[PDB]
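For reference, the structure is listed below as structure tokens.
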Amino acid sequence: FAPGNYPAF
Amino acid sequence: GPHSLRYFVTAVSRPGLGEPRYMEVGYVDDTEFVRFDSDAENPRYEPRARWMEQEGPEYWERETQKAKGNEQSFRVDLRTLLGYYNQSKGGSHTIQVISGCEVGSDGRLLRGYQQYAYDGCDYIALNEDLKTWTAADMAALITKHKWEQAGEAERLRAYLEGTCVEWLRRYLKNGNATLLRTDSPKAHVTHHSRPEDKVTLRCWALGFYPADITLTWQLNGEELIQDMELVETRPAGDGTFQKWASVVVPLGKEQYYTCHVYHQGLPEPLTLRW
Amino acid sequence: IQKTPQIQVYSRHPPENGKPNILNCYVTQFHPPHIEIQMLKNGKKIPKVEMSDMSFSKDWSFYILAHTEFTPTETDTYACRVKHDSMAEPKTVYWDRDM
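If you're matching them up, the sequences are chains A, B and C in order. Sequential numbering of the first sequence, starting at 358, is according to my numbering. Sequential numbering of the second sequence, starting at 2, is according to my numbering. Sequential numbering of the third sequence, starting at 71, is according to my numbering.
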């Protein structure tokens, strides 16, 4: 189950 | 032993040549099990290990939708960092992320992590506590403040401590025949003649799983660690690994040297001589 | 930060002529990601090469495996051609089957 949210820089 | 679930993410800009290359690769322990690539004919999240056939079409649809969202997020990130570092649009740049959790033999969490890098250098990283971030430079500090005031560490901690561990366990259950197996090394030594009365002895170790292994040459008890030439353990294209270690010795006196192979598939370490 | 790839070429099993085997080209410790990797049989590009085991180490350099099934013969020569920005010229590493 891969991460679904990489928050923007 | 302890097991791990790792996701390696990479986003690469290529100005003129279109929109950035985006890839996600997932590993359970040392075995690759899922992949996504934006350059594919039609990009989907797909299995790289047989035991993932046990997930239904709803699993693959959700993963694909996640990936599609992440790609857009890293496109924005790439563009954002151009501003932060004051770089031109013409150059190619790389963002890498590693995310994962590790559990013990009993399935309980040991540690979780996430690290970002820009052009091969540390950018921002989650700490051991899973509550705070650490920023490598001033561009990452801006990001640090965004993520603190949005509570990003709270949502990530929930994923790592909850979701990551729960799915890892399921993967360990579903892929037990593959992931919890132990292929023992087959070892042998090769002889290689050299100039000025010297000889290179190379110890090979083939077809072993898992990847963790120790190769060592000895002479009358002492380990020749500093005098060894080595390669990093490497996949052999079938889910097994290999390694070799070599040392230079004088002609005629080859039998005094011995190679020792330590692996969990070896109840007793191997000892080869020639 | 610009690192040259190490290129290692090796078969799955100790090579024996006329026995199915797997040839591997493991390309490691390189940055940036842009890289062209070709597996060659007698100078000709091998058609169906699987790319796998993409990852990176603690210093963020890239690792990637190219591999294909094959059967050795006494005459045939296998090699791995790699192009990367750190190199002046494309590097060709041949398979040493006696290593």
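Note that the Cβ used here is the ideal one computed from N, Cα and C, for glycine as well.
Which two residues bound the contiguous beta strand (DSSP E) that contains residue i?
| i | result |
| --- | --- |
| residue 25 (chain B) | 22-29 |
| residue 61 (chain B) | From DSSP, residue 61 (chain B) is part of no beta strand (DSSP E) but of the alpha helix (DSSP H) over 58-86. |
| residue 33 (chain B) | 32-38 |
| residue 133 (chain B) | Neither: residue 133 (chain B) is in no beta strand (DSSP E) and is coded neither H nor E. |
| residue 251 (chain B) | 242-251 |
| residue 192 (chain B) | 187-194 |
| residue 103 (chain B) | 95-104 |
| residue 111 (chain C) | 105-111 |
| residue 226 (chain B) | That residue, residue 226 (chain B), is in no beta strand (DSSP E); it is neither H nor E in DSSP. |
| residue 113 (chain B) | 110-119 |
| residue 261 (chain B) | 258-263 |
| residue 100 (chain C) | 91-100 |
| residue 144 (chain C) | Careful: residue 144 (chain C) lies outside any beta strand (DSSP E) and carries neither H nor E. |
| residue 161 (chain C) | 161-164 |
| residue 123 (chain C) | 120-126 |
| residue 359 (chain A) | Looking at the DSSP string, residue 359 (chain A) is not in any beta strand (DSSP E), and its letter there is neither H nor E. |
Could you tell me which of the options sits nearest to residue i, measuring between CA atoms?
| i | options | result |
| --- | --- | --- |
| residue 113 (chain B) | B:133, B:119 and B:241 | B:133 |
| residue 90 (chain B) | B:76, B:115, B:267 and B:55 | B:76 |
| residue 191 (chain B) | B:274, B:178, B:269 and B:270 | B:274 |
| residue 147 (chain B) | B:125, B:160, B:49 and B:34 | B:125 |
| residue 105 (chain C) | C:168, C:145, C:167 and C:131 | C:131 |
| residue 55 (chain B) | B:95, B:118, B:168 and B:66 | B:168 |
| residue 362 (chain A) | B:218, B:174 and B:74 | B:74 |
| residue 41 (chain B) | B:69, B:188, B:144 and B:205 | B:69 |
| residue 84 (chain C) | B:250, B:222 and B:205 | B:205 |
| residue 207 (chain B) | C:76, C:80 and C:75 | C:80 |
| residue 269 (chain B) | B:202, B:52, B:36 and B:215 | B:215 |
| residue 81 (chain B) | B:101, B:63, B:127 and B:144 | B:144 |
| residue 129 (chain C) | B:117, B:158 and B:173 | B:117 |
| residue 124 (chain C) | C:133, C:94, C:150 and C:140 | C:133 |
| residue 217 (chain B) | B:244, B:200 and B:193 | B:244 |
| residue 136 (chain C) | C:94, C:167 and C:78 | C:94 |
| residue 162 (chain B) | B:58, B:111, B:93 and B:46 | B:111 |
| residue 154 (chain B) | B:53, B:194, B:130 and B:46 | B:130 |
Along the alpha helix (DSSP H) that carries residue i, what are the first and last residues, could you check?
| i | result |
| --- | --- |
| residue 143 (chain B) | 139-150 |
| residue 166 (chain B) | 166-175 |
| residue 157 (chain B) | 153-159 |
Whole angstroms are fine: how far does the CA of residue j sit from the CA of residue i?
| i | j | result |
| --- | --- | --- |
| residue 18 (chain B) | residue 246 (chain B) | 43 Å |
| residue 105 (chain B) | residue 2 (chain B) | 6 Å |
| residue 236 (chain B) | residue 150 (chain B) | 43 Å |
| residue 88 (chain B) | residue 12 (chain B) | 17 Å |
| residue 139 (chain B) | residue 9 (chain B) | 24 Å |
| residue 271 (chain B) | residue 241 (chain B) | 18 Å |
| residue 180 (chain B) | residue 228 (chain B) | 34 Å |
| residue 264 (chain B) | residue 185 (chain B) | 7 Å |
| residue 71 (chain C) | residue 29 (chain B) | 30 Å |
| residue 99 (chain C) | residue 156 (chain B) | 33 Å |
| residue 108 (chain B) | residue 99 (chain B) | 21 Å |
| residue 43 (chain B) | residue 135 (chain B) | 37 Å |
| residue 213 (chain B) | residue 262 (chain B) | 11 Å |
| residue 15 (chain B) | residue 21 (chain B) | 6 Å |
| residue 88 (chain C) | residue 143 (chain C) | 6 Å |
| residue 239 (chain B) | residue 197 (chain B) | 40 Å |
| residue 50 (chain B) | residue 38 (chain B) | 16 Å |
| residue 257 (chain B) | residue 178 (chain B) | 41 Å |
| residue 164 (chain C) | residue 152 (chain B) | 52 Å |
| residue 112 (chain C) | residue 159 (chain C) | 20 Å |
| residue 34 (chain B) | residue 128 (chain B) | 27 Å |
| residue 259 (chain B) | residue 224 (chain B) | 10 Å |
| residue 96 (chain B) | residue 31 (chain B) | 23 Å |
| residue 171 (chain B) | residue 102 (chain B) | 14 Å |
| residue 252 (chain B) | residue 200 (chain B) | 6 Å |
| residue 189 (chain B) | residue 24 (chain B) | 38 Å |
| residue 138 (chain C) | residue 97 (chain C) | 15 Å |
Going by the C-beta, is residue i closer than 8 Å to any heavy atom of the ligand SAM?
| i | result |
| --- | --- |
| residue 92 (chain C) | What this structure holds is no ligand at all, so the ligand SAM is not there to describe. |
Compile a chain-ordered list of the residues in the stretch 74-95 of chain C whose CB is closer than 9 Å to at least one CB of chain B.
76, 78, 80, 81, 82, 83, 84, 92, 93 and 94
Can you give me, in chain order, the residues of the stretch 99-122 of chain B that have a beta carbon less than 8 Å from any beta carbon in chain C?
99, 118, 120, 121 and 122
Using Cβ-Cβ distances below 8 Å, what residues of the stretch 96-128 of chain C are close to chain B?
96, 98, 101, 102, 103, 104, 120, 122, 123, 124, 125 and 126
Members of the stretch 17-35 of chain B near chain C, C-beta cut-off 8 Å:
Look at the stretch 17-35 of chain B: the residues with a C-beta under 8 Å from a C-beta of chain C are 22, 24, 26, 28 and 33.
Select from the stretch 56-87 of chain B all residues with a C-beta closer than 8 Å to any C-beta belonging to chain C, and list them in chain order.
none
For the stretch 168-195 of chain B, enumerate the residues whose C-beta is nearer than 7 Å to any C-beta of chain A, in chain order.
168
Proximal residues, the stretch 207-240 of chain B versus chain C, C-beta separation under 8 Å:
The stretch 207-240 of chain B vs chain C, Cβ under 8 Å: 207, 208, 232, 233, 235, 236, 237, 238 and 239.
Check distances from the C-beta atoms of the stretch 148-160 of chain B to those of chain A and list, in chain order, the residues that come in under 9 Å.
148, 151, 153, 156, 157 and 160
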